[PDB]
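Here we start with a single chain on its own, the form deposited in one PDB entry, put down as C-alpha cells.
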C-alpha cells in the first residue's frame, strides 16, 4: 500500500502554549525545550504502525548538519536524545503527534520534513516551517526565569519606559518595543542572517544560535557597532533635518521596518537609548529576557580609565578639550541568561551595550558581562567587564588652572558617577532603582574588597575641606518655555567671615555632555560669607537666552565656582537641569472593545511665549494599531492656545496596551505622552 496524507494542521493552541500567540500568524512559532501539537490528516487510510514506518527530520541553517546541531531526523514512536516525536492519539484518518525540541536547540527557521516508508517505497516530503525561539518558561533553557511576572515583563511586555531627564529629576519616556508586531520577527532573523559571523561562515553562526550569550552579542552589535551593515546610524551634533531626531522615535517597530524596507540601510539617526531600545526589541522577540537600563552621570566613552582629570580656567570652565565629558545619562540593556562559559555563579543579568565607544584598541561595543561581576570588581570576567565598571565607578578630579603656573585641585562634592541606575518595574509603571545591583554601598567592606579586585582603591575623601560647601538649588520645577531661577547655595560653617569670588555659568547641554553656548552668567568678585551662615545667589535663566541651542532633551547645565583667595581654595558645583515639557492630555472615547473602533483625543497646551507651527501628533502602540498614526495641525497654535485632535484606532488584541504618542512642532519638538488602555472582549 501507500500512505496518503491530505493535510497537516499546526494549530494555534501551540501559540497559547508557547506564549507566542501574537507571533503566530501564517507560520508556526514555538519555544525550544517544549512540545507542540501536530495533527496529520490522511485520506481513506489512517496510519498503520504495522507496515507504515515514518521518520521525521528538520534542518535550519542554510547549511544544515547533524553534528552542528542545525539538522536532525528522528523516529516516530509513542515512547519518548532530545529531538523526539511521538503519537499522542489517532482516529478516523487523523494522527496527532507531539514533537519536542532540545532546550539548547539553535533558534531560527526550521524545515519540517516527513519520511514515509509504507513498506519500501513510500513518499518523503516537507510538512511546513516553524520558528524556534528561546524559552524562558523552560527550566532546561539557558534563559529560564522562575518568576512568572518577570517572564511577562521581560519577554512578553511590548510597551515600556526608558529613563531620561536628570538624576535630580528623572523622566520616564514611553516606548513601543512592539516585538510581536507583524513582520518584526522576520526582520529579526534577517538581522541575524546578515551579520559578519554569518557571512563569514553560515554554518558556524547558524549553529551557535543556540546560545543566548552568542545571539545577544550578535543582536547588540547589529544595532550600531560597525554600521558596515547596522540598523541605526548615530548622530550627536544636533542637526537631524535629513532624518528623524533620535528623541522623536517612540518605538523600535518603525525603525526596524524603515531598515528592511530600505534594503537594510542604516536608519536615519539614533542614540544610545535608541540603540538599547531596538536591541531590547530584538532580544525580547527572540525570547531572551531583556530590559533597557539607564545610568546617570555615566563615565562613558572614557577609554575605561577609572580616573578622569579635567582642567578648568579660573571659571570652572573645562578648559580641557579632546577630553570626554561625563554623560548626563547613558543607556544599555541587560539580558537574563546562564553563563556556561564562566566560573559558575555568574548566571543572571548580563549587561549588553549596543553603543560603540572608543576602546583600548578601536571602536566597537561591549557585553555581555555578568552584572554580579561588575559589582564584585571581577574585571577579568569575559566581555568588556572593565568598561562597564568605569561606566559606573569612574573617579573624577577637577583641576583649576592657576593664572600663574600649575593647576590647583578643587573640591567638587556635587558629582557622582553611577547614579539612580534605573529601569521599569516588573508588572508596574513605577521606576525600579537597580543601582544596588552594580555597586556595594559606599563605605562598606564589600565595596573595599570590590575596588580591590579592580585596583580602584582610589577613594580617601577629603573629609577636612575648608569649612565650606556649595550646591545648586532649583527652588521648584521649571518648564520648557519660561524663565526661572537657579541658586548657588553657599554654606559657611566657620568662625571666619570669608570674602570670595563666585563664578556662575549656565549652558545648554546635550544628553551626553556636549556643552553649548552660555544661557546665563553672574560673577560676584566680592561675595561676603558671614560666619556660620548660608548665602543664596540667584541666576536668571531666560527662555529668550537658551531657546536657540537647546536639545530635544531639554537639558541645561549650571556651574558654579567659589574661590577663596586667602587659603587659595576652589569649590566646584555643577548640576544638570531638565526643563519640563507640557503634558499631553489623553481621553479614550467610547468602549475599549476588541476588534472595534476606538478614538483617542490628545491635547497639548502651547507653553512657549511664541506661536507653534507645523504641529504634528504621532501615535503608535502594539495592540492598539497595526500602523503608526499621524495627524497634522494645519494652522499655528498661538502662545496661549491649546491643540487637540482625535485618532481612530482599531485595537486588535485584548489585554493591556500602552498607547505612546509624540508631539512635534517647529519650536517644540519631541514632547511625549502615553496612556494605559485595557481592551476587552467584543462579545
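Residue numbers count along the first chain shown, from 1.
The same protein also exists as the form deposited with a partner chain bound; that form is not shown, yet it is the one meant from here on.
Margin query: What I'd like checked is whether 236, 299 and 312 together line its partner chain in the deposited complex, meaning each has a non-hydrogen atom within 4.5 Å of it.
Written below: Heavy-atom distance to its partner chain in the deposited complex: all three under 4.5 Å.
Note to self: Just to be sure I understand the contacts: of 325, 76, 103, 371, which is the one whose heavy atoms reach within 4.5 angstroms of its partner chain in the deposited complex?
What the structure shows: Contact residue from the list: 325.
Next item on the list: Tell me, out of 220, 252, 210, 271, which residue has a non-hydrogen atom within 4.5 angstroms of its partner chain in the deposited complex.
Entry: Flagged contact: 271.
Check: Quick one: does residue 247 come within 4.5 Å of its partner chain in the deposited complex, counting heavy atoms only?
Finding: Residue-level check for residue 247: yes, a contact with its partner chain.
Note to self: Quick check on residue 511: any heavy atom within 4.5 Å of its partner chain in the deposited complex?
What the structure shows: No, residue 511 sits far enough from its partner chain in the deposited complex that none of its heavy atoms falls within 4.5 Å.
Next item on the list: With heavy atoms only and a cut-off of 4.5 Å, decide whether residue 329 touches its partner chain in the deposited complex.
Entry: Result yes; residue 329 sits at the interface with its partner chain in the deposited complex.
Item checked: Which of 503-511, 291-299, 380-388, 447-455 lines the interface with its partner chain in the deposited complex (heavy atom within 4.5 Å) -> Result for this chain: 291-299.
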